[PDB]
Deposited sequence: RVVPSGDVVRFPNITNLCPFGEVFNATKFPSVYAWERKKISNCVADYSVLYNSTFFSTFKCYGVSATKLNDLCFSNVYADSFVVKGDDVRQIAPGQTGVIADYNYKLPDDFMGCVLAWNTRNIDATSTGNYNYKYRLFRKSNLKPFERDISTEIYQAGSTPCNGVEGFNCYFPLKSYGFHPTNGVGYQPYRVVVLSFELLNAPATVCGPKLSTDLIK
């Protein structure tokens, strides 16, 4: 059977980067022809494997990570980055083997009144381990005073909204990202 790549790429709703979702790909044959012969993608950057030799290859299982970041934040979805998204939202291992795919979604993910649905984590104690996921909305304590539930001075909410307006620049427009991880069932 064909692997359901349309359920992640052509998905209607895409998650925020802080709460990115993962989908495991088990016994099914892959079809990377769908991914390459399209001008729909903005990046399509592979690490550890090539964008062509993957057709005649087999893996134990494939993991697909999906989320949404701004244009300037796409650069952080790569091994060895230290931005806000890479450190507090989604980190890739140094020995990552896969491909990162992203495309512009200004017409569907940016509304005139401002789409504040897509969020990201701005404050967190220490950085995330590779493939770690944090959905805690606990008040970040930046000082020595206990926050005691309420925000205020030195106590900020960890999640902030992107705020995608359709008149923004390309560096501030919404981009849907799909990270395909390869682990060593799935063949071409």
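Gaps between the deposited sequence and the modelled coordinates occur at 1-15, 200-204, 209-217, listed in sequence order.
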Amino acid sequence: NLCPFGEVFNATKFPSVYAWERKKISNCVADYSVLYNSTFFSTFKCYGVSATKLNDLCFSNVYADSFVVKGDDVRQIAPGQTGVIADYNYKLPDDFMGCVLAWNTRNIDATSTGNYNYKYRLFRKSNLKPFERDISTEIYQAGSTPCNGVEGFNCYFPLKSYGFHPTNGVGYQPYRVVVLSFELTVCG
From here on, numbers count along this sequence of modelled residues.
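As listed in the deposited structure, the average C-alpha B-factor of 50-58 and of 123-131 is greater for 50-58.
When the two stretches 64-72 and 41-49 are set side by side, the higher mean Cα temperature factor goes to 41-49. When the modelled residues of the chain are ordered by C-alpha B-factor, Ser161 sits in the lowest third. Sorting the modelled residues of the chain by their CA temperature factor places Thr82 in the highest third.
In the deposited entry, the Cα temperature factor of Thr137 places it in the lowest third of its chain's modelled residues.
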